[PDB]
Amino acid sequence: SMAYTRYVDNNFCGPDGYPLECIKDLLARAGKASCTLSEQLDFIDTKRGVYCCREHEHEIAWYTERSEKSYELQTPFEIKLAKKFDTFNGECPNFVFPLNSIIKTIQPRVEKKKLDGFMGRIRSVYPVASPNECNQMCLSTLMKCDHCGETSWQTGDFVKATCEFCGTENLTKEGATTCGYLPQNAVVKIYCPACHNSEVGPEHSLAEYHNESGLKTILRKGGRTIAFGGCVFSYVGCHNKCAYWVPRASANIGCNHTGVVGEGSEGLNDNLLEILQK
């Protein structure tokens, strides 16, 4: 969903599950910005499909089932199923979800008399009496350790994980990720710079959190988003100077496992599937 990227699903959305600017422009110029996805994809095929943008090339790596919402409005949250495109030969690039997966998106909760502070914010996602009922997820990154130089599944969150071998804390590196088995009231709870630092404070805005978080997000339709381990995370709010993210979208490859995404994920998922059968 950058300016241009080659690889798309059969619905012409990018590897991050978001629409391409170039395709959005093409649809706008033809006066089909607010048409259904089916009608926009009919028109894209009229413009020669993956060659629809004359000045660069696209290539379909994934089959995905999405909603009928206008291309411009499509998000990872609109994906329901993800697999390799039947007619694409070779290894797929990195994709927001694991192959042969089903996706569930969190519905925003309705509440007559909304609670104050974090309780109102978290109850917009999960029906919990307290924050204690939320279960923090196990986000694992297959990466090399700064200390012992072993490459293993290090467990933690989006930003940091711990080496099982030597116990050294490592910043999350590029490589295969997983959110493991999705628990009930699944949350990611991380240190909040905006809460802790004396310049901002724990009554900071939603905007202020993202400004000070040090995490890479883009303000886009569906809100600011972080993709990790076969989930797409949205920011709920802060409780006790800790930022709470929820898997607004979560993949399921079987047994409620969020599966593996990133370098080598196809091999790792195939190996994982043979365990989950048992």
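In this text, residue numbers run from 1 along the sequence as written.
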Of 23-31 and 210-218, the stretch whose C-alpha atoms average the higher B-factor in the entry: 210-218
Residue range whose averaged C-alpha B-factor is higher in the record, 219-227 or 50-58: 219-227
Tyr71, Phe97, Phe88, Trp153, ranked by C-alpha B-factor: the highest one: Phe88
Identity of residue with top Cα B-factor, from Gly149, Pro131, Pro76, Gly167: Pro131
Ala176 by Cα B-factor - lowest, middle or highest third of the modelled chain: lowest
Chain-relative CA temperature factor third for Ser265: middle
Entry-reported Cα temperature factor of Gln107, expressed as the chain third it lands in: highest
Ranked C-alpha temperature factor of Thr162 among modelled chain residues, by third: lowest
Third of chain Cα B-factors occupied by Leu115: highest
